[PDB]
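Number of protein chains: 4
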Amino acid sequence: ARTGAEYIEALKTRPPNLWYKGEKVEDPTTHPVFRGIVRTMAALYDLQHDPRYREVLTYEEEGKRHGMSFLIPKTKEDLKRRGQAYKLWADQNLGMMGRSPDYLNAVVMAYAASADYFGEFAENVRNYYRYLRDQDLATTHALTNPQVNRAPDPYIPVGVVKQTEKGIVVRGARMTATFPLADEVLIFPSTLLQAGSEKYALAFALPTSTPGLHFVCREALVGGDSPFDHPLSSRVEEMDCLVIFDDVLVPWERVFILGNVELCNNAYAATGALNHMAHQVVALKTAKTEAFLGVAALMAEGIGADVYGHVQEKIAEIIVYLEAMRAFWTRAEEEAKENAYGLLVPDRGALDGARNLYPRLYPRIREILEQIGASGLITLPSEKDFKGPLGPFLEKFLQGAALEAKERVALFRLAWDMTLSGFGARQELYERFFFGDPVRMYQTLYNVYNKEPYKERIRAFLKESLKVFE
Amino acid sequence: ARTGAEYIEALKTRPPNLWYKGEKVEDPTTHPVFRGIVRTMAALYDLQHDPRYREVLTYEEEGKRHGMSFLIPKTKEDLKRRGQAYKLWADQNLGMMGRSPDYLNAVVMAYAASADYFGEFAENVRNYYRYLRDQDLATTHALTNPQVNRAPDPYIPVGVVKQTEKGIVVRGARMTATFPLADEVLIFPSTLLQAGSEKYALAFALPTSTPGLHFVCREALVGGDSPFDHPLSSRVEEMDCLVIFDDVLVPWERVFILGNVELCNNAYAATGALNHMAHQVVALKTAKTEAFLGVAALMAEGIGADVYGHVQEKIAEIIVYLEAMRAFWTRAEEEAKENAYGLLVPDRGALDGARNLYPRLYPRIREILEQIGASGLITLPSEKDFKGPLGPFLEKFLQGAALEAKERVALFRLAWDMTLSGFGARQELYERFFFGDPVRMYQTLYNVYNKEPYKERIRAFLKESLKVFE
Amino acid sequence: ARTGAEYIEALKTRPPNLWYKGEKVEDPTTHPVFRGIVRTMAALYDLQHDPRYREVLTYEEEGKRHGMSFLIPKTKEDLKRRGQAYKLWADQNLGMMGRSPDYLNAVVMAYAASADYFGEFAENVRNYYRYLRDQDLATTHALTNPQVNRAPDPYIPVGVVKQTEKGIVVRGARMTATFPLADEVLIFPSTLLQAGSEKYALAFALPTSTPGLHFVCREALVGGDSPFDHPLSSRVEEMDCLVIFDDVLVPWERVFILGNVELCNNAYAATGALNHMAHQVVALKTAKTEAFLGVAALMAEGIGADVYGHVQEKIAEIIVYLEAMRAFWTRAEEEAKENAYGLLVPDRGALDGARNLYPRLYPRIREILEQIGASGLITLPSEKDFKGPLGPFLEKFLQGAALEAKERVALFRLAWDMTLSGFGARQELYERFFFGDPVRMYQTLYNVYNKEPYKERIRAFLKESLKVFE
Amino acid sequence: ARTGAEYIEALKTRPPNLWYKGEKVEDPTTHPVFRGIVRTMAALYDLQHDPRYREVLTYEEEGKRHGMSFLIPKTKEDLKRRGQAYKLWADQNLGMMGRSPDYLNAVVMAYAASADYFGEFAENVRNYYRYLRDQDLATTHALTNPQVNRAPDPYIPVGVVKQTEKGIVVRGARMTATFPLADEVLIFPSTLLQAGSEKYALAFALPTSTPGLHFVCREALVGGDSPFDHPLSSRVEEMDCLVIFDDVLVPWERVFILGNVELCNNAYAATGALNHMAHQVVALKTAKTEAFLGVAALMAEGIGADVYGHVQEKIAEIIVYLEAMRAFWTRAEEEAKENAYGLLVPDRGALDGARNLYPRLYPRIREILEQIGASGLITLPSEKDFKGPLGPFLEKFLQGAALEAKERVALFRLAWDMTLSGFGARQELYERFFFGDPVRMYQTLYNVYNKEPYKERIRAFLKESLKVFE
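Protein chains in written order, with the UniProt record's numbering: chain C, 2 to 152, 159 to 477; chain Z, 2 to 152, 159 to 477; chain H, 2 to 152, 159 to 477; chain B, 2 to 152, 159 to 477.
This is how it looks when you write it as structure tokens:
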């Protein structure tokens, strides 16, 4: 298990090929746009060494101690242990961090347990997993193919340029990678692959510092460094990037899938990576929802709005959604079964329910906070104003029905950062699409779900109807 | 365990004091308005004697065999057994029957296990439970107080007129009782009781044939007897009634609570009746949702609408809601704990989530069926037309893209009966309010839920914000 | 202008070829399933002769008096006059009647004014209009093609079998025709026509008594004849029918379009029939919405629920929707322009807005009534119970906070009939689809609407963005 | 009519008492947080002198030329002229500017026309209007009272400390004032006044530079100065402020209402200010909606998503909302009537409909843009990246199905700034609450709306129901 210092040191030593507004970022650990998330990720690693949480966040094996997200679960109890670790880590940042390492570690763990799926590349997969686990490295993954203005370069989407004796050379780009402050980047199956697209049907991993690999940043959403003024954006801004592959060399040892269309398309499901990564997500969203509930309750109480029935109802609505997610989480673990490779995977029915329902619930939970805070959310002064000449006046005029001025503004700055700041609004779009387009996700659910039992019950029930004709 | 014949015989022998449009119903077992539901309830009892389901629907004890809904659960396994019985019974009528006996048997079972709660009336409670169980009787319950035109009779709502040595005399009325074709009626806590309302703070049970007890029916919703034309209303029309108490004598042995305001208000929660009855409901709604899923899938497939993405999405939405309910059900049982009286009760958090979410989901599930069936839902001929002179033309013009005419119409008559018939529309209102007004239910959830943990996590998170001032 | 008696006499003399449950209906004017709507339609005709409304419902021309829905409007004032007549008629039945004659008279009026559109069949169109107007006949129209079980008859959808010197012979069927108690039936463009489908590309009209023409009824939704028990279904049940064409002879004089695909597809828009029929609809829905507002307000007041803020809000929501519809109606008339044939047509932008918004508003308006009435909506006794032995008890227990028992139940029976009765629920499905499938309607709006001005404003605004590169 | 230069000069000469993060802003015309909006407001004034728009934005009177928002309308045509000016100005900034001067000029114009309402202060009102008009000054208004931590200063909300011979001295604060870069600030009726609150029942106006008057800023939402990167926040960030009154002297000539509770509460409605300000809003929201429609259409087309039916439907939905607003606008003007003071005011029914419907429509319109742009909205590089070393790669990988890279990103940066940037998200909260809390707004609509006509129609309809008893 790695410490925060080791993580920071590694990033400083071999920084990702990050670009911010046309310029290379030489040291993300100190750059104003990235130092916040770097310190936050480091704290997650440090927590693994806190005596209070050591047993929750790590497990001992043959003299070594590894992060819980690497644990290949053999029993439901193990599954529960993985869940508690997902939850503890998520709670540190109120469920705002969407690409913490444990999400992808769950994917690689599943890939490794189901390694046979990869055929000749099986050993590569098992060894990559051992590497990530032993070094306790942080990963990120690049998704989505770009479009081409059709109003003939074969390397727009990431593709194999040539295969040598040392590996493959890839060229192209992935539209987005969240949290590039990782040691590694996964280029796994993303956009559905059509027949004949073997040149793009590949899966591999690379150090984020690889020559020819470029991460181009979007506008920074860090509001500032003050925790009072920007309680969340000052520390949990993960960043999103365009990922460019300029004739990047991928060593054979890092190739997991090569030129196999169907293998790529079925990878996540077959290996159980889908199940485990969705397991991390449901625990993460439960944490996120608990945070919104807490803020909503404190806001209502703080301004005396809790006496209003409709406010009580909005808060109760959040409680209902929280219980829904907890329920999906419980059933996912309790109904877990082993897959074709012997890997115990949490129930897909329950996890599909959670990841397809939350994208609809989140915008409403966000709306609820907006409706409770109302106009009190857009005219919040800075800590600098409290510290300034007018400080006395602010303490006299910014009080809440049950809160002093500094307390009220601090709480409202948080509610604001959770919803209306650039950071807060991004969280909304992210929840709506992080697992994919709801339109495609729902069509996928429709096709995979076994509807036969319900259809049969109705046909049986209809026998009596058709009998009137005999 | 009772058989259907015994149930039918008992109703015929001592019929409830039913009134339909100003006239007394002498024999509900043969009356066109009630014979359908009577036969349906009888079939539920007969199922307990089917070798295939005997072990699911009943349990053996000291030489006797009782219905599973009477089982006082000692373990989570017992809880699961009660759930499977709730489900099996619910599936017989596609979850359309809202007041099947097992719902209230769960209440009485809980009252009996937590009998001490009732003090001096404890023995009365235990004996009533043994009576219901041993005789395997069906119960119904009367709810809601009437209003008074304020634009001084003390007996509008049910109240104690006088207490004698043989019992109490009550006068007043309850606005509604669903499924009056029961052997017994429960007059338990309903409208919240205010201080000083001791005269109305009582709980008791009576045979539905009691002198002075009257059940006044609302418009009948039985569309007819044909299963082809009215697949559901011809058999699952439970009926709703105004319940009048004309100086009704309640024997002391049937009194469970007398003149105690707070006892009445906390009865359901304290005894665990709330938990167990909500347990029956969540399994019931899971069954109901599975039925809608089956009909929606068959409809889409039957008319070839399943090729459309948006239709696939609507069906997937039902799947998501189905999984949500299954999840609440699983967590309710897995998180069960014993209450203050040693009775194991399923988790309230999960059950409150389910019963407060479903009233919002049901109207949407109903809407989805309407959107898939569309105009094909309102111009459905009768089986009589297929049997008539134009039969040949109907078989040529009422086909579906993948269904013959009789099959399509039969399926659509069902979808119609499940949504747009008077029977189908009532089901919607019923789902919206059967457990109570959502406005009050949500306010109740807000007040009972422990929000402290989430509030504390936020206060802790805000410590860093207020620190900028030190 | 016709009287109700003349309408009744004509129907009795030459009744439509109606079939109800395998049997022919010999006299709809007295049949329990149809006498209600017949009397209601007759009253609409009689109203044209009431001195108070004569000037609103009719106009004088060359010694004759015609129904206002036949008036070819030359000015905006004329348009307003047509609207007031639509409204007055709609108000008679609280906007519940969806196929009153004026709807289709607006279509034929537009067809006639734009007669040149029909080429060689132009005169036929003008003469048919004069016939309908002079005789003041009621029309209905048959829509939608049936499906074929693909899991080779060329006459499933209505098609030309053979053309003779006396006319054409058609065979096939239309899935639905609402209000078959009309003198005439229009077989105009419905399902979009594909290239090569000339055999089905035709438009004509026929007397509903034509040999070979059959109207097969769906389940009757008339709850009874009592206005207290069934205030709406006893009088405004229009009925929906499957329409069968068994080698029906269509005289050449009744042919408006023959074998022309594109002519059929553009008929409604080109002639302005779309605009005028939508004009009748917007006034009709305004009337319907005003009725729901009135019932909601009386209900809230009647039970004292009007003191609750959330109830006030739901009613205010209906008010907002009412104002929206009134606004669409006002703009439709104020922005009217003449079409390619010189016919003044109300603004399509506004009418498209109204007919595409109302299908979304109606279900919510219906929901609102359900939420206000709540459980008070499903346990309403009959007038027979008030007249029966228990009458005294009902008058004592069915009062409202501000209403006596008979008044409250009468009002609630209406709210019920407007939402939860089979009649009420059908109204919901009807509003969702009467003009067509919202999915297709929205795609049609997207393609016809001129989006260029808004796109241009944005391109202009973006010039400044692309300038940073120069 | 003022020019932009004159506006800029005045602000520079006598700058508002603005505070940004504990520091006084000496020159807002050059300060990075305010120079954007200052230049934007100046451009609005300059437009009044453009020959193309002179006749739309101004009117000539006795040798002078005034801004159209000052025109006291005598006819519906005048009303239309005011509307066209509101619209033209709104279009300059895609309806994003919520407090452009014409909004409050409409209020003062109405106050002046209805001056008698103010009694002894009538002349003060008329003269203030002439002052604002003649000088063509920009105003802002301060709203909402602060709360007091009740878990005795009489001057928390703005109140009269003492009345002298030169005026009144006020102390207290208003929670928010949008667009403080104005010459004047209005302290008109805001929070509803209770009986006995005469000390707070006052209305007056002051120069924003008044001694003791302080404007404390909230976090700045200006993303930067680049129009490519921040197309809207770089120019339309109006800013919101806490307004502090430290013993501010209000000259008698600037007092409009003093110590009159009911006068304050009925001011906006009685004078017609409500009607006219809402008139500016409906035209403003129509402009805003047209902008979203344009961006949505260009986005769909730009990425080829316009071929998908569901995308076409979302765009059609925006079209429907656009038509709804245009309709409210048309009816508001066409149904205008004179108030008790002879001032022609646009219809309140229609304007109340628009301002109570839009707060519900806007979040959905915003959602629609998010659903179309999807993940393409959160990984948008800067113009600096296109200008940087990787420029060539971006032009190759950031293309749209029908757009080149720079064009696509520019368009998406705008869609982003309109929804997910801090500026964009604030617009959402602002639309939800700018006119007030929807809960209170709906209750206000309920109480003011005349529901009698609809209630009467139903009572009449129910006569037939109660007749069955005679």
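Yeah, the Cβ is synthetic: ideal placement off N, Cα and C, and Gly gets one too.
### Task
Assign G356(C) to one of three DSSP states: helix, strand, or coil.
helix
### Message
Which same chain residues end up closer than 8 Å to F419(Z) when comparing Cβ atoms and leaving out the 5 residues on each side of it in sequence?
### Response
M306, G380, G383, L384 and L387
### Alpha-carbon spacing of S216(B) relative to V257(B), whole angstroms
12 Å
### Query
Which two residues bound the contiguous beta strand (DSSP E) that contains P214(C)?
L209 to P214
#### Entry: Residue from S472(H), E374(H) and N125(H) with nearest C-alpha to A412(B)
Checking every option, the nearest Cα to that of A412(B) belongs to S472(H).
### Message
Can you check which of these residues, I310(Z), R178(Z), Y328(Z) and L239(Z), is closest to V255(Z) by C-alpha distance?
### Response
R178(Z)
### Task
Answer with yes or no whether the minimum CB distance from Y437(B) to chain C is below 9 Å.
yes
### Message
DSSP three-state label for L376(Z), please.
### Response
helix
#### Entry: Enclosing alpha helix (DSSP H) for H142(Z) [first to last residue]
No alpha helix (DSSP H) contains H142(Z), which is instead part of the beta strand (DSSP E) from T140 to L144.
### Query
Taking the Cβ atom as the reference point for each residue, do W336(B) and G96(B) lie within a distance shorter than 9 Å?
no
### Query
Taking the alpha carbon of residue 157(B) as the point to measure from, which residue in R261(B), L12(B) and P52(B) has its own alpha carbon closest?
Because chain B is numbered 152 and then 159 with no intervening positions, residue 157(B) cannot be located in this model.
#### Entry: Backbone secondary structure at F442(H) - three-state DSSP
coil
### Query
Pick from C224(H), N94(H), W259(H) and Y207(H): whose alpha carbon is nearest that of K391(Z)?
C224(H)
### Task
Starting from the Cα of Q170(H), find the closest Cα among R151(H), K206(H) and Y130(H) and give me that residue.
Just measuring C-alpha positions, the residue of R151(H), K206(H) and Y130(H) sitting nearest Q170(H) is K206(H).
### Message
Taking the straight line between their C-alpha atoms, what separation do you get for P399(C) and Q406(C)?
### Response
12 Å
### Task
Mind listing the chain Z neighbours of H317(B)? Cutoff is C-beta to C-beta under 8 Å, in chain order.
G316 and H317
#### Entry: Amino acids of chain B, ordered along the chain, whose beta-carbon sits closer than 9 Å to that of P370(H)
Residues of chain B passing the Cβ test: none, with the nearest at roughly 15 Å.
### Proximal chain B residues relative to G96(H), where beta-carbon distance stays under 9 Å
Per Cβ cutoff of 9 Å: no residues; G96(H) is ~11 Å from chain B at best.
### Query
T59(B) lies in the beta strand (DSSP E); which residues open and close that run?
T59 to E62
### Task
Within its chain, find whatever has a CB closer than 8 Å to the CB of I325(Z); leave out the 5 residues flanking it on each side and keep chain order.
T296, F299, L300, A303, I372 and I375
### Inter-residue Cα distance where the pair is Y87(H) and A290(H)
Computed Cα separation, rounded: 6 Å.
### Message
Let me check one thing: in DSSP terms, what residues is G166(C) bridge-paired to?
### Response
In DSSP, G166(C) forms a bridge with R178(C).
### Task
Measuring alpha carbon to alpha carbon, tell me which of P33(H), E438(H), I9(H) and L427(H) ends up nearest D232(H).
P33(H)
### Message
Check whether the region 257-276 of chain H and the region 37-57 of chain H touch, using three or more Cβ-Cβ pairs below 8 Å as the test.
### Response
no
### Message
Please list the terminal residues of the continuous beta strand (DSSP E) segment that includes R66(Z).
### Response
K65 to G68
### Proximity test, Cβ basis, 9 Å: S428(B) and chain C
yes
### Task
Would you grab the beta carbon distance between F71(B) and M110(B) for me? Rounded to a whole angstrom, and I think it's under 8 Å.
By a beta-carbon distance limit of 8 Å, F71(B) contacts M110(B). Their separation comes to about 6 Å.
### Query
Of the choices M425(B), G266(B), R100(B) and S115(B), whose alpha-carbon is the least far from that of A139(B)?
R100(B)
### Task
Answer with buried or exposed for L199(B), where buried requires no fewer than 16 other C-beta atoms within 10 angstroms of its C-beta.
Exposed.
### Message
Tell me the rounded alpha-carbon separation between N18(B) and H221(B).
### Response
5 Å
### Task
Report the partner residues of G407(Z) according to the DSSP bridge assignment.
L410(Z)
### Task
Spatial neighbours of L209(H) within its chain, please: CB distance less than 6 Å, with the 5 preceding and 5 following residues excluded, ordered by chain position.
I264 and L265
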